[PDB]
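When we count neighbours, we look across all protein chains shown, and the Cβ atoms used for this are built from the backbone with ideal geometry, even at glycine. Every number here is computed from the coordinates shown, using simple stated rules; none is lab data.
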Amino acid sequence: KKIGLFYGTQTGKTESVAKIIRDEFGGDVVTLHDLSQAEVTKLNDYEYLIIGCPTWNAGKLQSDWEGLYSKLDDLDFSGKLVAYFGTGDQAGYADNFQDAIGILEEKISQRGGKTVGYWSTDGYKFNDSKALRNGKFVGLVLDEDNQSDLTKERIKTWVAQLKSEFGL
Ligand SMILES: Cc1cc2nc3c(=O)[nH]c(=O)nc-3n(C[C@H](O)[C@H](O)[C@H](O)COP(=O)(O)O)c2cc1C
């Protein structure tokens, strides 16, 4: 079973996290795709996906994901299991915390993808997020700006969860 992890990054934090996620899964189970360089239609090449995106400029997708968002309408994610992760800043942007993964999950689910890897809100403080579904985040949310001391344990916990939900 091959997992494709597709990310965008401006300041490198989501990329750093992507690499830890890859390591934590082990071997060559996860292949990384930076959408500054990767073709978006490679999303079709996997039945198991991990979508990484930080939120920028008070509620916007990271620029690589923003530029490719319209192309999601052309893809069929039916039959795929999709997980999400984001980096964000809950102190600076409490009204838009992790919006970007929420935006992406809404569209990918509309295009047939099935979300796995929902994540508790416990231990975050924010006002609003477009990433909430029935009181859980759509996926792992990291905050390297305020909570960098929690990132490693959070990733370990989530990868264990994903191994179960993906049926590895
Ligand atoms: C100008 C600016 C705007 C930001 N806007 C948001 C936001 O709306 N929501 C959020 O959750 N985080 C926001 N952040 C936090 C970034 O998402 C966070 O620093 C993230 O780790 C950046 O990921 P990257 O290094 O992969 O680009 C913002 C950061 C900056 C500096």
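Over the chain, with a Gaussian network built from C-alpha contacts below 10 Å, which listed residue (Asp23, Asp143, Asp89) shows the highest mean-square fluctuation?
Greatest mean-square fluctuation among the candidates belongs to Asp23.
Under the rule of -39500 (n - 2.57) per DSSP H run of 4 or more residues, summed and divided by the residues of the chain, what mean residue ellipticity at 222 nm is obtained, to the nearest 500 deg cm²/dmol?
Numbers: 4 runs with 46 residues, N = 168.
Mean residue ellipticity at 222 nm (helix-derived): -8500 deg cm²/dmol.
Using a Gaussian network for the chain with springs between C-alpha atoms less than 10 Å apart, which of these wobbles most: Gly135, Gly26, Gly123?
In this elastic network of the chain, the residue with the biggest mean-square fluctuation among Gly135, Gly26, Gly123 is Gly123.
Restricting to the chain, what percent of DSSP beta bridges are antiparallel, rounded to 5? Could the numbers behind the result be given before it?
Details: 6 of 26 bridges.
Roughly 25 percent of the DSSP beta bridges within the chain come out antiparallel.
Among the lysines, select those whose C-alpha is under 23 Å from the C-alpha of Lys136, and discard any that sit fewer than 8 residues away in the same chain.
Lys13, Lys60, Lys80, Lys107, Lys114, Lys125, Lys152, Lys156, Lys163
So, in nm, how far is label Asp73 from label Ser120 when the simple model puts each one 7 Å beyond its Cα toward the Cβ?
Spacing of the two 7 Å Cα→Cβ label points: 4.0 nm.
In a shell of Cβ-Cβ distance under 11 Å around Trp119, excluding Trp119 itself, what net charge do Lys and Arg (+1) and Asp and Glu (-1) give?
Numbers: positive: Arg133, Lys136, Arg154; negative: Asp122.
Surrounding charge for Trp119 is +2.
When the Debye formula is applied to the Cα atoms of the chain, each taken as the same point scatterer, what base-10 log of I(q)/I(0) results at q = 0.10, 0.12, 0.19 Å⁻¹?
The computed values of log10 I(q)/I(0) come out as -0.31, -0.45, -1.27.
Work out from phi, with θ = phi - 60° and the Karplus expression 6.51 cos²θ - 1.76 cosθ + 1.60, the ³J(HN,Hα) of each residue of region 83-89, listed in order in whole Hz, and give x for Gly and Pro.
Coupling constants for region 83-89: 10, 9, 9, x, 9, x, 9 Hz.
Cα centroid distance between region 146-168 and region 35-104, in Å?
18
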